[PDB]
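Let's start with one chain on its own, the form solved without the named molecule, as structure tokens.
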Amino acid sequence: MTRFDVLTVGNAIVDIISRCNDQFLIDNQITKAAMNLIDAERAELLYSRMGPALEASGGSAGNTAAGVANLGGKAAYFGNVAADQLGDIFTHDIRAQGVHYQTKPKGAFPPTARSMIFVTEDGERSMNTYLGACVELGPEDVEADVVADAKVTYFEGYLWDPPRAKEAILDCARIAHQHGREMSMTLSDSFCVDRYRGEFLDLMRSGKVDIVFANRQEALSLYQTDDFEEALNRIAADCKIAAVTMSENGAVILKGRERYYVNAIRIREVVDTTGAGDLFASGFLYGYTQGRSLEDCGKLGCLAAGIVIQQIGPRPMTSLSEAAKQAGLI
């Protein structure tokens, strides 16, 4: 009996969401489909140009934890907010979903991280993130008992941007593996991969990470190739299990020489791709920690991801457990 199926660790962020036309991205030099890091001044400037918006709790790993809880798994989260209204919102939403969240704010400045996410007509999302209080996440925020009691500890590639978060993750890896648990990461973003390519490969090759999540763009970036088949062969050689998503083309799960291809679900419309990779990870890890086959893990992931992209906001507002039952997956 273990307390948690999945612990996730990431940048605790509230999303500020608006729809824009494609010229808006060009005029403001926002890299489309990417996570664009911004300072406080740029955040104010961008906000001043943004239309009326919606707010929703975000953070890649936060979304993944919420998804696992939604499906019926037991989840926990480490991430740092400020003692402010945005932080109170973040804390409420993740705990309300049934995720264990106990990371204490350190003060009111820097303020809670926020990401201005612009959704274009094609449903693509372009994020503009001020890290704020996320820069204060460190080893002191590792709840050692929680890591020890979680089947899988999953973390964001994005954690390599703030200065001390990587130290916390190294502590997590040691505790997890001392207790026979598994470590997982997502490559997060192709530009994130570009920034930390050598470090990410070292995490995988040293065995600090057991299960890796990537999309097509991240996998291509990791090996700096345009050959997707090369990327798949290389990622399989670098980690024990790789789960590679391919948008409308579904996903492929690799283990050694094993490959399991899974189809994307049928969708009404792509409203907002925000959270797709996050929720794929939720589905996958839920299945993984329930002892499901790798293909069925992929199927659960594709289900969760296809659901999230048909709504505004990064965390499904409907029951994923009910959808899984109806899809005949649980």
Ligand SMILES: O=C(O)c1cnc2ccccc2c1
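Numbering starts at 1 and follows the sequence shown.
Keep in mind that the form deposited with the named molecule bound is not shown, yet the notes after this line are about it.
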inquiry  = Please tell me whether the candidate spot formed by 261, 293 and 296 is one where all three residues come within 4.5 Å of the named molecule in the entry with it bound (heavy atoms).
reply    = no
key: The single option of 220, 235, 152, 168 touching the named molecule in the entry with it bound, heavy atom within 4.5 Å   = 220
Interface residue in the entry with it bound among 197, 95, 240, 179, criterion: non-hydrogen atom within 4.5 angstroms of the named molecule = 197
inquiry  = residue 224 versus the named molecule, in the entry with it bound: is there a non-hydrogen atom within 4.5 Å?
reply    = yes
query = Should residue 120 be classed as touching the named molecule in the entry with it bound when contacts are defined as heavy atoms within 4.5 Å?
reply = no
key: Contact test in the entry with it bound: residue 228 vs the named molecule, heavy atoms, 4.5 Å   = no
Interface residues of 157-192 toward the named molecule, as seen in the entry with it bound [heavy atoms, 4.5 Å] = 190, 191
